[PDB]
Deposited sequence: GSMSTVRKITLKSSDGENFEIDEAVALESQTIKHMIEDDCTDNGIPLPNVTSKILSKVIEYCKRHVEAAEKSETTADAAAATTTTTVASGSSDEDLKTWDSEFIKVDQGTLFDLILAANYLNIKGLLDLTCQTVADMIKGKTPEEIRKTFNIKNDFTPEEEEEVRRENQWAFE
């Protein structure tokens, strides 16, 4: 039984063994970085994975992950931030596989357009980077 307080200030309570899934929390709680919504999401993830820890159940958990990952771009960004900050291997790996599937896309115009990435390649460098990876094209 431990209470984590997030940026909103609400003292979200969770079991000690369930909160132990985060290495940063286990080692050390203002948590000034992680927002209330993202903290709730990480709490839900830790609760579900503790229930699983305490195959048919494997695939049910996998489809539950598939349902939970269905969130927008900013939510995925914040989930990556929180997973890196709180040292959670599973959540970081899941969000990473999600973004990796997203970037399995088309020609660089598509990748730079879906992510709003703004490239500023000098045309010598743009052309050279195009030729040095010509085997893919």
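Note: segments 1 to 7, 36 to 44, 71 to 89, 173 of the deposited sequence have no C-alpha coordinates in the structure.
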